Structure formats: structure tokens, C-alpha cells
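Participant: my sequence and its experimental structure, below.
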Amino acid sequence: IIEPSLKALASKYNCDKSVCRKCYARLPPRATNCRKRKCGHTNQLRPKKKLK
Amino acid sequence: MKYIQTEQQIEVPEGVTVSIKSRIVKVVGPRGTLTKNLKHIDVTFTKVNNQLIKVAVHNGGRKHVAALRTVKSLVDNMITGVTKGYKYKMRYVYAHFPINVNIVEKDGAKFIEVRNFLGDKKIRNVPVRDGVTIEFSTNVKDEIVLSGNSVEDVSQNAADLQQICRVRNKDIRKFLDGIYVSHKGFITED
Amino acid sequence: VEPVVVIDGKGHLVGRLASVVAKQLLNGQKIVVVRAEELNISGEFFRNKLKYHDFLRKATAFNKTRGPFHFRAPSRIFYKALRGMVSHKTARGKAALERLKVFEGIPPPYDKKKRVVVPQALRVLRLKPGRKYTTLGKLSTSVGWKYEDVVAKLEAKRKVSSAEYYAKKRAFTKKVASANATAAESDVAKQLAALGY
Amino acid sequence: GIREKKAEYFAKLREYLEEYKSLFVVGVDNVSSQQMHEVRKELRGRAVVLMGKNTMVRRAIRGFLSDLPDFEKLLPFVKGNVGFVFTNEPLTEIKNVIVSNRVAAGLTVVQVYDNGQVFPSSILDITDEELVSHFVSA
Amino acid sequence: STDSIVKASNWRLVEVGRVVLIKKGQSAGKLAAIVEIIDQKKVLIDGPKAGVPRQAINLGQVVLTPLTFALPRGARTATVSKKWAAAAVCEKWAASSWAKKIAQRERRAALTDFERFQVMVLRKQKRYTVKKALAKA
Amino acid sequence: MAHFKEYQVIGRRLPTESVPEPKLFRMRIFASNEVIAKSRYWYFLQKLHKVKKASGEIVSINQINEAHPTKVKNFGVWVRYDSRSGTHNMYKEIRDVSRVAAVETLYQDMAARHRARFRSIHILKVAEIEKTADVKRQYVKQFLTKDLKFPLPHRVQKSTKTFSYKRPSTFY
RNA sequence: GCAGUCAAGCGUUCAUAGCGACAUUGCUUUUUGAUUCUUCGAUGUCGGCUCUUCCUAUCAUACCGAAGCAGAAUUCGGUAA
RNA sequence: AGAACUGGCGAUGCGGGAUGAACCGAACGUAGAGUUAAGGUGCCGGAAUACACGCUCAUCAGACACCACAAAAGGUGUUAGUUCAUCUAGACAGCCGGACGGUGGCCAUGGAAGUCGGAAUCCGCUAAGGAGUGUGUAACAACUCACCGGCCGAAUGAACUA
Ligand SMILES: [Zn+2]
């Protein structure tokens, strides 16, 4: 019922992101470092894990 | 290392005019006019012809230098808005609940009105900024568009409409509903 | 060099101004300050606000009403800032304070008087551009001061009258600079110029 | 290796600046890879064409001043997407087959060089009616 | 109109051939001209007309003029004096409002109380004219 | 640790009956007096050879003025400096008029950017770059551009008095 | 007592979703010790009751981020006393 | 807690260390004048909001030995520097032109022509070109990259150090 085009389109906004292993923030997926001060603007990140 | 002089360049095409006085910018063209204040940056300008301006910094550090480019880019954005216009198309998304969307005016306020988002009884109301205008698409379904000369207002009310329909307490990876920006371009050149 | 010294709060820096006002009072000059709300403070609003809040929580825990008094209004802000720079527990210090006056906006008895400026305390002169800073009225009205909008109203009311006055005076000076040039081309003027006048 | 590949390029350039008495500096701007190839099979008769980095063209021709000193004046003409068509055939034949045949307008002839001489390629296309006004009116 | 409009800060540029005033030091009250640049804050100058020796300096002791002339980089002092004379820059400086106010206050310092009473009486007479002058009009 | 001068210091072991005419060593020292110069001379000579001030002698201390104290030059300086947890070598470029002014600015700059002190700094070499484009560093190159010009905005009037009557201007 | 770093390994796969060996840096003085500086011409020497306040290293509630979160539920984590 | 050497405090005021038995300076009859000490000169406070070179902006800055604490590990914040590498025989970045022929290479099928997928990575001319890194068509058409060349012209990347 819900189509893959808008699926990917929304994934840009909900899924296609990266995650700080410390600050837990929702980061642009291609970023190198966390934009957040509290984690020291560190580099230790990950991708937001994928669903099912 | 305190770069002694750096500069960026701005084209002014035909039919456009600009007025700068103490970092107070007027930019006029066919779409209309756009104004800005940049007194929070210390920088110099120079008309060299009616076709070009230089912006310049003398003896600036790195972060001081960085603002030159974005300021130039912002000016270019204003120019492109007052000439070509800006146009931001979104798309509605839903799998079970049809998102209901209308416009409604309280004393001429023009709040966008949203209903049935995930079946909620909640009606969401988002005001319409000045200088920005909206169109529901007919040729294609659920494609509503904003447009105007001010990218700031356009982009901001668009993202307002984005973040206002943000799901709570649910795994969005499954629950992808909302309104999401599909396209951004200009009014002109299609 | 004067009986009185009327000072504009605008464009200045708090601590700098306070130090100089302090020494001037303790040398015995009578001073008066206006437009305190237009003060500029180094560093951004958030830092300054946090510092005030830290100052604000500190109180005599068993009885708040005798502890430090957290005056919000810009005048009293500068007052405290300056009292920190004085032996106000002296009779001499108390005298020095009686020599002082501070106001928001600029009321009648001074608005028609000259008022001056202190280069060592000016933001643009002292504080480097490319740096952020803070406005005292914003901070005060944030942290509990009420009467800001009144200041706007009264100051605009004043400023119009001031503008009319200045332009009236300007036309008169233009008249002067017209009617005096004829004597500027005169033997007395030539002699005075030979003498350096 | 790559410098040897630059040397590999430089060699064929000297190979053709010396082996051939004439050459046509030709504008290879806009010429397709298919149009460049079809010029060879027609030029397989005499002419050989040599492309490369103009900076390597100039730096190659700059190195050839001990002997071949009159090749110095190609370097003002080593500009833009251009190339040499080294040939020994007469002027108007290779010039026409370059310019007229297998052209899509779109390769022209920038400069024709031979024995330390420079032709603007315009009088090179003079068919007739120029010598009669000189011989008769004289 | 179509004409784009801008003001740009017309600053006194630091350059060669740029003439300068000395604010501090033994050469206070003197003029000179730049030869060459060292950094943002350090230059090389000479004031041979003014009698300044060729030397480097920090720019805090100095103000630029609005004036300037033509000069190549690294000009030795002789050539410097030559071009200075050729451009007649001290002459031009003298026609400044600036230099005039300077020499004025120099006089005002140099005055004698007799001359000050003279100045007073002259001001008074000038004023008596000027009052009734600016009465009719 | 003051306004510096350049000395050449020549020094020698003490002559023995075994070895007379020992092997005169010279050095170019940046220092504010001959005393400090001799000290550092012996410092360095100790480091290189089995000699000290007690078994040695100084033959001559001569001040070296710049040959062209007005021609603006571009020096390259090879430096060795002790950090807190290490010691390092450096090459820095300085555009200035004299070697000694370059050295002054260098000590100030190393104290500023590395919190290094004179005791911690060894000066390996000071050498003039005769041709531009052998310069390696942009913060010097931006001053070697042709026909260089720039203004000095934000001129601040340091005021003689405490009070003024007119809000001054940064025009210049 | 508490918190960090590294990560061999668990976590079906996958070191780091959550855990985390071998080590390793620190914090706290609500443990208990160590000392014995003060007080032995005298500080009323458990616990409860009642009562006010302070802390936060948050159990709940507010708003949020992440998951091996489909939903429900639960966990990790944040600004927050 | 216990020892070695010295100097101190105790037995000792004074100037500074805000405060402080021991630290810094200095040891004392009563007074004056001058010069200093250690320490300090924005104001409290006497003394330059003196000069100069640079660094730093902290939603938890820092601010003086004794001394009233802090680390490990980190940071594409910033500064400066070291090594390595690409690059003036023209680099990078960015723009720009070609992005071909044998050739729609082989299987897969309603259609798959370099880009749904499965299997081979060959040759020509070439400055170079992948039997293609991708957009797009029902499939071609239509572009951009791999690779190469026009342009500018000297920069560009990485890893390290404090
Ligand atoms: Zn983070």
C-alpha cells in the first residue's frame, strides 16, 4: 500500500542517518564526527541500525 | 594565519538592482523585493559595475573568512529568488490513514490545517509566512508546493510542516508517515 | 574640570566604566549616568544570564530577605558593579556613592544638558569586532525587570524633541557661519589669524 | 613509467616533427572520437596525426632548440584543443581533406608549418583570381 | 533606476609611495613615506625631506595620510627624496586643513599674554560687528 | 631575554706544551651581552667537544651589525626546541629587516605558540632566502605579491583625557 | 561505593543495540579502616519519633535520542532535583 | 610515623603571600630625607586601562611558587610545526571536451542495446576509454563519470607532533 519511492524518500529523513556511539544523536549518515560538544565532537559513530 | 585579503564575487544580471548602505541590503527584481541586515558581520563591499560586486575581508582569521562565502551564497540565493523564484515540493506519505490537508484563515491568518495524521483526532495548525504561496498539485497526487522569493521563509515553513507531523513513541522505521520534502527548485525554468 | 559629569550608558562596558567612575568619585567629581539599559557587556547573553542566575541563587538560606539583594534593574546592576570597586563600608565610600547618580533613559533635568563619553570603556574602541556581547536591558528584562517598554516610549518622545532642537540650532549655526564669513574677510580677522585664530 | 609515458609521447612528437616536412595545426575542439578515427583512414595515405597534452606539446617543442630551431614559433600556436596533422602531401589536398571532408560543423586548420614558415591558412585556400591581378596589372 | 548602488569604505591604503605622519618618538610632528612592507604591522619608511633616517617601525606610532605619490618598491633614500620633491608633497600637505590646525595650535602655545589680550580685544571688536551684522539679516 | 644583538665568539682550548695552537672554533650567538654570549658559547662547546670554560679560553668577542639594516629580507630559521614531553626540530620563515629582529620575533612567537622558553630553544641556523618562490610559507608569501596594498580599519584613538564629547570614528 | 579508556569475546552473523575478559586512569567520603590534630577542670556518647532544607550519581512524572523497538512491553542514554 | 644535612618556628616583630607560627623578602633603639626588596601598578589600593610580539571565546574559561588538587583517553575547534605522497613534462579542486570502433561482447525474456539479474574483464584505434560509475526510455534517443584531453597555474591528500 505504501510505495518504495516515498519509502526511500522518508528513509532520507528517518533511516539514512548516522549515530553517535556516545551522544546517541541522529546524525547525517556521511558525517565523520559528532556535531555535539558533550561527546567532544568525537569520531566514534555508527549507522542507525536497519529495520527487520 | 590572518589572511591579509580575500574576496568573493557576485554577478548582477539585467533587470535586477541592489542597494547597500551600512550592510543593509535591498535587492529588487521582477518577483519583487527582498531586504536583509548583515550588521552582525564586519565586511566590505564594492560595486565595480552594474554587473558585478566584490565582497572582501582584509586581515581576517579562518572563521572570519568563512562567512564571506556563505554571505555571497545568501546574496545569490536572494537574487535567484527575486528573479527565478523558489519552489519547494513535498509529498504526503501514509499507508493506512489518509492524511487530510486544507488551508483555513483565522482573521486572514492562513494556517495550514492537517487532520487524520495517523488517525489522530488532533488537528495541527501551521501559519503561513508572508511572501510565500502554496499550491495543491492536481496532475499528481499529494504533492503540495510552497514557493516564494525568500528561501528562508519557504524552507522554514516547509520544515515546520515537516517537524510538526513527527511521530511519537513509535519505531519510525516502520512508521514512516508524515510530509517530506521531495523536490526543491525554482518557480522559473520550471 | 566641571561641577557635574553627565554620561551616556550607551556603547560602553560595565566594569571599565565602573572603575573610572569609582576613581572619579573618590577624587570628588560629581557624576550622573543615563541610558544604563543601553550598556554593552562582553560575552554573550547566555553566559551573562547564567552568571546572574548563579549570583541570584546565592542567598541567606535561613532568611532570604536579609541576604544579598538581587536587583534586576540596569541602574542597580551598574550600581552593584561599582560598589564592588569601593570601600562602601567607609563614610568616605558612602560619600562617594552620594556623589553618584544613575538613571535609565534620560529624564528632563539632564536631557537638556550635555552628556559625555569615556573611550576606555567603549565596546567599539576596546572590544574587538568579530566578538559577541550582551545588552543590559535584554538581560534585565529577561531576569525580572519590567519597565523596558516605558523606556522606549519616553526615549522616542524625548528624541523627537531633541531632533527639533538640534535642527533649530543647526539652522542658527548656518546663519552664523554665513554672517561671520564677511568679517572673516576683515582686517581684525586677518590679525587674529596671524596670531593663530 | 608515467614520465616514460610522457617520454613515450614526446618521442612520437619529435618522430613526426622531423620525419614530416609539413604539419597542420588543426583545431580538434569538438571533434568526436569517431570523427578523429575516420580522419586517419583517409589520412592513411600520407598524414599521421599526433595528439597529447599541449603542455607536453610545448614542453616537447621547447626541448627541440639545439637542432630544429625554427620550430620555436609553433608554441604561440599550441593553444586550445588543437593537434598536428603531420604530412608531406601538397597544401590544399590535406588541407581540404582535413577541413572540408569528414568535417562536422568540426575541425579546422589552426596553423600550417613547414620549413620554418607560417601560413595563416587563408591564402592557402586561394584558388585563382589573385595571380592574374598581380601579373596583368604589373 | 537600474543602477546598482553601494558605498564602499574609502580607506587610506598602506602602500609604497604612501606618505605618513609620525605620531610618536623623536620624529613626532614629522612626515615620511613608505618604501616597503614587512608584515601587517611593520613597514619601512624614510623622511629625508623631513630629516628622518631610513628605518623600520610598528604602525601604532603612525597615522596614514590621505595623500600618496608614485614610488617603486625598495627605493633608496636619495631616490625617495627625489620623488618626494618631484611630487611636491609637503607643499600639498601644507594646504591641508590638518597641518593648518596643527600650526594654529602651535601658535596658540607660543602666544604671549600681551598677544592674548590683543586676541581678546580683537575678538570683542569682531563680535561687535558681527552682532549687529546678524541682527538685520 | 631582552633586545638582542649578534656576536661572533671565537674560543679555544688552552694551549699545552703537547699541542700549541689549538683549533679555534667560532660561533654566531644571539644574545644581549657578551657575558651571556660567552656563557652560551661554552654551553655549546661543552656539548660538542670535551671542553669547558675552565680548560678553555675565549679569544675574541666581536659584535656583528647587520650589513643592510634597512633592506627588508626573508629569513629561514632552523630551530630545535624542547617541549614538555619531547624535543623537536623546526623550520620557520620570518620576513623582517635584520637577523636579530627575526630572532626576537622568533622567541616571542615560540613562547606564544608553544610556551617554549629561551633555555629550551636552540637556534640551529639562520639563512637568507635570496630568491622568492624558495619561500615555503603562505603567511610570508601573501606579502610578496606584486604591488601589495591594504587598509587598516578600526583606528582607535587612545585618549589623553578620560572624557570626550563626541562619539569618535573608526574611519581612517 | 561509583564512573571512565581499550576490546579478546558474547550478542545466531555483528567487539561496541545491550554486554564485555585481560589490564588500566580516575571520582566520593553515606562503609570500614589508618592516624590521633582538637576536646578528659566535660561538645549529653544507638535507633525511632517529629520537622525544614541541601545534594543528584533520577525510582516515578515532563520533553527527547538509540535498540537485536512491528504493536504492546522493556532496556540503554540525555536536559532535568 | 621515624632518620641524615642545613635553615627556620618555638623564643620574632616587619613588607608580600587576601586570610595564614614556619614560605618570599628582610630581622627591629627613637625620628626625618632618599633607594630598594620580595611583591605589585583597572577599581577596591599607593603605583603605566604603559609599549610590543603572538595564542585563547569556553551553554562548566583563566587568572601566580608554598597553595588549597586532577588524570587516562579523545576532538576536521584553533594555532604552529614534522614526515610521507600527487603535482609546472599542467597536478588537485573546480569548470570544460571525448566518454568511440570489432560492438547491441555471451546467457537470461514480452522487451534488458555499457547500468533487473547470471557468466567472461578480450581486442582495435587511440591523448583515452570500463566489454563500463551511474541518471533516463516500454527499448533506443538524450548526459555524466572510469580513462583521457582544453582551462587556471601550484597547489592537493594522508599520517603524526605539541
Ligand atoms: Zn556524540
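Facilitator: Yep, that arrived. Numbering: from 1, shown residues only, chains lettered A, B, ... in the order given.
Participant: and stretch D:96-111, how far apart are its ends?
Facilitator: One end of stretch D:96-111 to the other measures 14 Å (C-alpha to C-alpha, to the nearest Å).
Participant: please apply the same query to stretch C:35-49.
Facilitator: Span of stretch C:35-49 from end to end, C-alpha to C-alpha: 20 Å.
Participant: report whether it contacts RNA strand H.
Facilitator: Yes: using C-beta under 7 Å from any atom of the strand, stretch C:35-49 reaches RNA strand H at C:43, C:44, C:46, C:47. For the C-beta atoms, the positions are set from N, CA and C on the backbone; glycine is no exception.
Participant: from residue C:135, how far off is residue C:75?
Facilitator: 15 Å (C-beta to C-beta, to the nearest Å).
Participant: can you name the residues in contact with stretch F:145-162?
Facilitator: B:4-5, B:58-59, C:20, C:24, C:118-120, C:124-125, C:129, E:9, E:11-15, E:37, E:40, E:59, E:63-64, F:168, F:170-172 (C-beta atoms under 8 Å, 6 or more residues apart in numbering or on different chains).
Participant: stretch C:60-78 too?
Facilitator: By C-beta under 8 Å, 6+ apart, stretch C:60-78 touches C:9, C:14, C:17-18, C:33, C:36-37, C:39, C:55-56, C:58-59, C:79-80, C:102-104, C:136-137, C:139-140, C:143-145, C:147.
Participant: do that again at 6 Å, thanks
Facilitator: Stretch C:60-78 is contacted from outside by C:36, C:37, C:56, C:59, C:102, C:104, C:136, C:140, C:143, C:144, C:145, using C-beta atoms under 6 Å, 6 or more residues apart in numbering or on different chains.
Participant: and these, which are buried?
Facilitator: By neighbour count, with 16 or more other C-beta atoms under 10 Å in any protein chain shown, these hold C:36, C:37, C:102, C:104, C:136, C:140, C:143, C:145 as buried.
Participant: restricted to helices, list those.
Facilitator: C:136, C:140 (DSSP state H).
Participant: and the buried ones among the contacts of stretch C:60-78, which of them are in strands?
Facilitator: Assigned to strands by DSSP state E, none of the buried ones among the contacts of stretch C:60-78 qualify.
Participant: adding distance to residue C:169, write the buried ones among the contacts of stretch C:60-78 out as CSV.
Facilitator: Converted to CSV, these look like this (distance: C-beta to C-beta, whole Å):
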residue, distance to residue C:169
C:36, 27
C:37, 27
C:102, 28
C:104, 26
C:136, 31
C:140, 34
C:143, 40
C:145, 35
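Participant: and the buried ones among the contacts of stretch C:60-78, which two are the farthest apart?
Facilitator: Comparing all pairs in these by C-beta to C-beta, the longest separation belongs to C:102 and C:143, at 18.1 Å.
Participant: which one of the residues of stretch C:35-49 next to RNA strand H is nearest residue E:94?
Facilitator: The closest of the residues of stretch C:35-49 next to RNA strand H, once distances to residue E:94 are taken by C-beta to C-beta, is residue C:43, at 48.2 Å.
Participant: distance of the residue of chain E found nearest RNA strand H relative to residue E:40?
Facilitator: In chain E, the residue that lies nearest RNA strand H is residue E:60 (3.1 Å; C-beta to the nearest atom of the strand). Distance, residue E:60 to residue E:40, using C-beta to C-beta: 12 Å.
Participant: who's more crowded, those two?
Facilitator: Neighbours per residue (other C-beta atoms under 10 Å in any protein chain shown) separate residue E:60 from residue E:40, with residue E:40 holding more: 17 against 10.
Participant: please tell me how far the closest residue to the more buried one other than its chain neighbours sits from residue F:150.
Facilitator: Excluding its sequence neighbours, the residue lying closest to residue E:40 (C-beta to C-beta, 6 or more residues apart in numbering or on different chains) is residue B:59, at 5.9 Å. The gap separating residue B:59 from residue F:150 is 7 Å, by C-beta to C-beta.
Participant: who touches both of these two?
Facilitator: The overlap between the contact sets of residue B:59 and residue F:150 (C-beta under 6 Å, 6+ apart) consists of residue B:4.
Participant: which parts of chain C are helices?
Facilitator: With DSSP H as the criterion, chain C has helices spanning C:14-27, C:45-57, C:74-83, C:91-98, C:108-111, C:123-126, C:136-142, C:148-179, C:181-184, C:187-194.
Participant: now find how far off-centre the third one is within its chain.
Facilitator: With C-alpha atoms, centre = their mean, to the nearest Å as the basis, helix C:74-83 stands 12 Å off its chain's centre.
Participant: neighbours of residue C:105, how many?
Facilitator: Close neighbours of residue C:105, defined as other C-beta under 10 Å, add up to 21.
Participant: how much space separates it from chain B?
Facilitator: Here residue C:105 is placed at a distance of 24 Å from chain B (C-beta to the nearest C-beta, to the nearest Å).
Participant: same check on residue E:63?
Facilitator: Counting by C-beta to the nearest C-beta, the separation of residue E:63 from chain B is 18 Å.
Participant: pretty sure that residue contacts residue E:24?
Facilitator: No: counting by C-beta atoms under 6 Å, residue E:24 is not a contact partner of residue E:63; they are 10.3 Å apart.
Participant: looking at those two, which one has more neighbours?
Facilitator: The neighbour count for residue E:63 versus residue E:24, taken as other C-beta under 10 Å, is higher for residue E:63 (15 against 11).
Participant: wait, what's in contact with the more buried one?
Facilitator: By C-beta under 6 Å, 6+ apart, residue E:63 lies in contact with E:21, E:23.
Participant: give me that answer again for 7 Å
Facilitator: Residues near residue E:63 by C-beta atoms under 7 Å, 6 or more residues apart in numbering or on different chains: E:20, E:21, E:23.
Participant: counting neighbours, which of those comes out on top?
Facilitator: Highest neighbour count within these: residue E:20, with 24 neighbours (other C-beta under 10 Å).
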